[PDB]
Every structure is written in C-alpha cells, then in structure tokens.
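Bear in mind these aren't lab numbers, they're just calculated from the coordinates by the rules spelled out. Please note: Cβ atoms are built from the backbone with ideal geometry, for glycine as well, and neighbour counts cover all protein chains shown.
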C-alpha cells in the first residue's frame with residue numbers, strides 16, 4: 001500500500 | 001476510557017514499488033495536475049496530465065517480482081471528497097475529475113481500485129488524466145485554486 | 001506482605017462510545033494498519049490507513065450526548081514502546097509512526113491525548129494514518145512484521 | 001525485603017491506585033477498558049526490591065468488596081461485573097486470591113500492570129450514578 005499525493009492546480013486570472 | 005487494539009502489519013518479501021515520487025516529509029509526493037492559467041469563464045474543457053514530482057513525466061510504477069504482477073490504482077475524492085479545487089482565499093470551488101485513458105472516458109471512480117498490469121523489468125506508467133467541465137456560467141473569482149488528491153497504489 | 005487498595009470506578013450517566021470495533025475476547029479490536037507487501041529495501045514511504053475490524057473503513061466514534069462532546073484520542077508506542085514492527089521469527093525491526101492528518105504531519109505523539117470533537121447524531125471518524133520511512137539501507141529479512149498498537153479513546 | 005512504589009498511605013491502608021473506566025451510558029456495546037493509575041505518581045504501580053540478586057515476588061488481587069468483582073452503585077443496588085487482567089490483551093487474568101508470579105532486578109522499577117476490562121452491556125441499562133469497588137491488591141512474597 002503506497003499512498004501518495006497529487007497536487008491539483010488551476011490559476012483563474014487572465 | 002475505551003482502549004482497543006490496532007494490529008499493524010507489513011509483509012517484507014517481494015513487493016511492488018512506485019517510481020516518480022518524492023518524499024515530502026513523511027508523505028509521498030506523487031505529482032502535480034496542472035491545468036494552467038484560465039479566465040473566469042472557459043468554454044473549452046480544461047485538460048492536463050499529471051506530472052511526476054521526481055522526473056516531470058508520468059508516475060512510473062515498477063514491480064520487483066519476476067512474474068507479471070497485477071497491481072491496482074485508486075484515487076480518492078480530494079480534500080473535500082467531491083473533487084473540487086478550492087480558492088486559496090475565497091470559498092469558490094472548481095469541480096474536476098481524473099480519468100485513466102487519454103480520451104477522458106475511463107474515470108478513476110472515487111475509492112475504486114482501477115486494475116493495472118506490470119511485467120518484470122519495465123516501467124508501467126500510471127496515466128492520471130485530469131479534465132474540467134466547461135464553465136460557461138458564472139465567472140469564478142480570481143486567484144489560485146488547489147486540491148490534493150491522494151493516489152493509493154494498493155495491491 | 002504489602003496489601004493495598006485499588007479503587008475501581010465507572011460513571012454510568014451519558015458517555016461516549018467507539019464504533020468500528022469488534023470484541024476480541026475481552027479486548028476491543030479496533031482495526032488493522034496494513035502497509036501491504038514490500039521488498040527488502042523500499043525507496044518510497046510505505047503508507048496505509050487503519051481499517052476498522054467491524055466495517056472495513058475508519059473507526060467511527062459517536063457520542064451519546066445531545067451537546068457537542070470533546071473527546072480525546074491517544075495511541076501508545078506498540079508492543080516494544082518505540083513503534084517498531086517485529087518479524088514473527090527473526091529479531092529484525094521496522095520503525096513506523098501513526099499520524100492524524102492525511103499529509104503525515106500531525107503525529108499521534110505516544111501517550112498523548114490528541115483532541116477531537118463530536119456532534120449529536122454523527123460518526124466522527126478517527127483517522128489513524130500510518131507511515132513508514134524509506135528503507136534504502138539494509139534489506140530487512142523476509143517474512144511478516146507485526147505490532148499491536150493500543151488506541152486509547154479516553155475522555 | 002521488597003517494597004512497592006506508587007502507593008500513598010491512606011490513613012493506615014496503602015492506597016495503590018485507581019481503575020477508572022470513565023463515563024459511559026446505560027448500555028455500552030464496546031468492552032469498557034482502563035488501566036490502573038497509581039495514586040502517588042499517576043502511572044503504573046512500580047514495585048522495586050531492595051536485594052542485589054533478582055527476587056521473584058508475587059502479586060495477588062482479591063474479588064472486591066463483594067468478592068465477585070462487581071462495582072456497586074453508590075445509591076441503588078445495581079451491580080457492574082468486571083475483571084482485572086495482567087497483560088495488555090486481556091488474556092492473562094488475575095485469578096481471585098492467586099499469586100500471579102513476577103520478577104524484579106536490582107535497581108529497577110518493575111511495573112505491575114493491572115488492566116481492567118468490562119464486558120459489553122447490550123442487555124439492561126444499569127441505573128444512572130457512580131459505580132465503585134475497592135480491590136485489595138496483595139503484593140506478597
């Protein structure tokens with residue numbers, strides 16, 4: 001069991 | 001005072017390992033799903049692929065067995081359990097989803113073991129394809145939207 | 001001959017109860033922290049969550065009071081008091097730790113009451129997130145490694 | 001001889017500690033479980049011996065005020081059956097009036113784990129109030 005993290009991103013600007 | 005027991009276990013024998021990750025303190029950092037920049041209302045489906053934090057390409061799981069091993073992949077629902085990115089300052093949310101195939105059809109259903117195969121001496125990539133629905137309604141507030149999906153390579 | 005007294009007490013009135021446990025004989029069996037299979041030397045932090053023995057998900061503590069009750073959670077150091085899993089046959093040990101938050105930051109310090117809140121008519125889950133450091137040094141011997149952490153839901 | 005630490009002299013009777021199960025409702029489904037807290041320091045009873053060679057001392061606990069290990073409500077006559085075990089997994093029971101063996105080395109504190117355990121009460125709701133008992137622990141040689 002290898003659980004990790006996946007950072008999700010979105011820059012709502014222009 | 002209700003005291004109970006929690007049995008801890010680990011089978012050190014011939015397991016499978018996940019490459020492409022970096023150890024962020026005590027939690028594996030698998031990668032980033034960077035949709036990029038966008039305006040308030042986007043008509044096109046915003047779409048980006050996971051970038052492994054260690055090498056910049058896809059997560060490359062390899063197994064240590066000689067025979068083909070069938071390992072599973074499960075992704076959770078994010079910080080709020082409904083796959084929504086949240087603005088760092090305001091309370092605006094941006095609904096998204098992660099799919100397994102390049103055509104956004106085979107969805108990584110929340111807390112589900114999407115099956116996978118791996119041969120001896122190879123790197124089977126784990127495609128985590130992100131996808132966001134068109135936002136032709138309200139313009140979400142300016143700023144940075146984030147989420148931390150926990151990917152669970154389990155056997 | 002030194003005989004003394006041990007006062008026994010129990011306040012039956014409006015207490016708090018812990019769900020997700022099974023009564024193993026005369027000791028509550030709260031769950032299992034299953035890291036899974038692994039090889040001698042693992043480069044990725046091995047990480048798994050507690051699975052309640054009664055329902056397979058997280059331990060779901062509920063209180064019987066109408067007002068919010070603030071209950072605490074304390075986990076001990078395991079069989080050898082230093083959080084090490086021991087091989088069933090050999091004397092090899094595998095150091096580990098249990099954290100409270102999904103990002104492996106808020107550690108359940110040994111014999112410490114990590115605070116918790118619970119509202120009337122709800123199941124507040126007790127996340128016991130396990131984490132093991134990368135073993136890029138010596139390959140620990142083959143077999144099964146175990147430990148029995150005693151979780152202490154106390155008020 | 002050998003001496004028992006962690007106790008306080010309550011008048012003329014050693015006060016070894018408290019087995020505090022905590023608060024609970026009428027009917028509890030989970031086994032209520034708590035450890036003895038020494039009255040002097042708040043942790044376990046720490047027996048030490050004064051000999052240079054290892055001494056083998058015994059520990060015996062009796063059946064409580066009513067000799068059947070039942071806590072009694074201070075006001076009503078309701079009873080709550082319980083038991084004290086020696087190991088953390090509630091298996092090695094401190095049988096009534098029995099010398100459960102123990103070892104102690106020179107210059108160390110061998111703790112006496114008195115692990116309490118109460119069976120699930122999924123039948124009748126016992127009346128509200130405080131239930132008590134006074135187990136007499138007998139460190140004898």
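Before moving on, here are some points about what is shown:
- Candidates C:140, C:86, C:37, ranked by Gaussian network fluctuation over chain C, Cα under 10 Å, top entry: C:37
- Segment D:42-103: C-alpha gyration tensor shape, a/c 1.5 cut-off, then a/b vs b/c: prolate
- Convex hull volume of the C-alpha atoms in the protein assembly as shown, normalised per residue: 176 Å³.
- Overall Cα dimensions of chain D, principal axis frame, Å, largest first: 53, 34, 25
- For chain B: relative contact order, % (alpha-carbon pairs under 8 angstrom, 6 or more apart): 31 percent
- P(r) tail fraction, segment B:16-154 - alpha-carbon pairs more than 28 Å apart, %: 21 percent
- With contacts taken as Cα pairs under 8 Å and at least 6 residues apart, chain D reaches a relative contact order of 34 percent.
- GNM result for chain D, Cα springs below 10 Å: residue of D:116, D:17, D:42 fluctuating most strongly: D:42
- Using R0 = 60 Å, the C-beta based FRET efficiency linking residue B:110 and residue D:81 works out to 0.85.
- When the P(r) of segment B:2-79 is calculated, the portion above 16 Å amounts to 70% of the C-alpha pairs.
- For the segment B:33-42, counting C-beta atoms of other chains within 10 Å of every residue's C-beta and taking the mean gives 4.
- Among B:61, B:18, B:45: highest mean-square fluctuation, GNM of chain B, C-alpha pairs under 10 Å: B:45
- For the peptide B:131-143, the mean number of other protein chain Cβ atoms found within 10 angstrom of a residue's Cβ is 1.
- Inter-label distance, nm, simple model (7 Å from Cα along the C-beta direction), residue B:125/residue B:66: 3.0 nm
- Over segment C:51-107, the hull volume per residue, using the convex hull of the C-alpha atoms, is 142 Å³.
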